[PDB]
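# Structural description and commentary
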Amino acid sequence: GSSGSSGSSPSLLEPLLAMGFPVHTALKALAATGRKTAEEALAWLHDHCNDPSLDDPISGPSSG
């Protein structure tokens, strides 16, 4: 249907949640990647989580 802003039920968050990532975060990666797929979100989180502007518990690599 031509529904709008219809995304209350847990769909893409399921995987982004079971992995450990919260909601506010999992949502950012989703909207960023374009709600294409759970994996996509991970690719955006692994590249974002590693930044001084994005304070999160997601501990990165030694250097990063």
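Our structure's up above, just so we're on the same page.
Residues numbered from 1 in each chain as written, not as in the entry; some residues may be left out. Heavy atoms only, no water.

## Quick notes on the side chain of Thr33
Locating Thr33 in the fold gives a position in helix α2 (residues 23–33). The class of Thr33 is buried, set by a relative accessible area of 12%. Aside from chain neighbours lying at most four places away, what touches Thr33 is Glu40, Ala41 and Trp44. (Helix = DSSP H or I, 4+ residues; strand = E, 2+ residues; numbered from the N terminus. Buried < 20%, exposed > 50% of the residue type's maximum accessible area, 1.4 Å probe, protein only. Contact = heavy atoms within 4.5 Å.)

## Remarks on unusual backbone geometry
Backbone geometry at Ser5 places phi at a positive 45 degrees, although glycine is not the residue there. Within the secondary structure layout, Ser5 lies in the segment before α1 (13–18). A positive phi angle, close to 40 degrees, is found at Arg35, a residue other than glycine. Assessed through its relative accessible area of 66%, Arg35 is described here as exposed.

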